[PDB]
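This document opens with one chain alone, in structure tokens, the form deposited in one PDB entry.
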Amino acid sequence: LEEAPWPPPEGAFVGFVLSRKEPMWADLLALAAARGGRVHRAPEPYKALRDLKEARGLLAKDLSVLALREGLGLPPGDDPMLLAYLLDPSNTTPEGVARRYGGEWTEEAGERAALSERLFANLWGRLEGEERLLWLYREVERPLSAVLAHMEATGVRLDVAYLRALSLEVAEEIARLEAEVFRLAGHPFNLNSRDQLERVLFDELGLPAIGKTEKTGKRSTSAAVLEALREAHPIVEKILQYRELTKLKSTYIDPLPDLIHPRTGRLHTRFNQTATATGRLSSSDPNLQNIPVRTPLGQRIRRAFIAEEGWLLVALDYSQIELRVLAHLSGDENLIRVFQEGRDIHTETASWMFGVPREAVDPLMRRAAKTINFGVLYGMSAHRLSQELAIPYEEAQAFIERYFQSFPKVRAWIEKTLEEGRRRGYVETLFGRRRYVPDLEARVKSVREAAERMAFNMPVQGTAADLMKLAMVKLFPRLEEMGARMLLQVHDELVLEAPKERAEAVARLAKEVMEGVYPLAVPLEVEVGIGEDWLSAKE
């Protein structure tokens, strides 16, 4: 390309280099643009940002997030990553996409701009005739990138002082647990080392091995194995308690307060748009899609996520979402009827599990039932189910039979999906998002059957993901108009922040947008809560 002075003309493709991967934390080291046989390199990258109308190119959203951080309204536009991801969701990195579709991801901005331009050309050509993938690009992925940029640049408020205090309390309880473990072992060792713990449990103490690890075949010390050993030795329960506390402390309580941004005073995640095999988003640096909520300490941590002074959090969560999607995809009359009548399969399963009437089912019990309901749907074994429920194998086997007997057209949809997947090489969501699964034709049964579970899960999980993405794209401009903010997405949940005076109105509108996004053969229902913290907003 012919070198030309900055600035580029409108429509140019951008290339940029960051000091680190996270756009909220990165220094913009270089900026360039390419169009019409020319490359334009910016002498001063930050000032040069002001010249662009949109970020068009590889990782466009990251540049937009940095621009928004700097107080510039620079929206992301075309991004070859999104085109590539729609063609094949194994396309997740610019290194891989570049190699596959015509170039090399280097560390120079001008080369990145040139690459973006030519990749766009080639990938756009590949989507010619792919009407359904093109619809996803234009109606979902491209506009969603703009929404995600705003979410990333906004961040969420965290009660740092509360977490710092919590750390000190948890540290004292961890000390009590570890001291007991070492007493019971008869000697100290590194309790954080599963290799050292394996030797203590299975060699030094008398305990029976229950299972083996996947890659290296060591005797497992997983929570599932320890659960099976609860009655065998007092050290086991102490280890389980130690694990719960150290997991929460090392992953959330200690690291999060150190990640507050100096300018915004908030915690900023990244929402990765080309990261999963099914079309789900992922969240990283830090992951805010796995904040604890199940246990009492986990709940205390979730309460640290709070609204800005004068604002409230609004949390919205699709009810039984993958079951509703399954009803639509499979067309099972019984399942469709369940949702037309307003029943709750999670509450029903929970009633059976704990042997209590539906009115007696508490939230933790219902959570337990969700694990069981989705476990069974996506192929859990009777053995595993029997162990997790602590019921005889025969009882677990029976539950699985009746589960599918109740909804007969589900297994037929699974078989049809797998057969088409074998022929075409891919399975697809309602909207035509594809996942390639070549191991459907594997000659090794365990491999093939694992592939089958991945394959029939994808249309369900992916359709639910598509629906949420479409809802975000529709909702965002409405929130902007009301002065509200979209903060987080957690798969089938959104967390918004609204001025107190408008929170009730925002909650109502968001619920309606989400429920009416793309009507199915069954109603979509959305549960909504409002609160000063994330935990209180979900109750």
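Position 1 is the first residue in the sequence shown; the rest follow in order.
We do not show the form deposited in another entry, though everything after this point is about it.
Checked against the rigid-part motion between the shown form and the other one, the candidate from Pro296, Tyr46, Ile391, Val376 that sits at the hinge is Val376. Inter-residue distance, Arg367 to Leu281 (Cα): increased by at least 3 Å in that other deposited form versus the depicted form. A shift of at least 3 angstroms pushes the Cα atoms of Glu527 and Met365 further from each other in that other deposited form than in the displayed structure.
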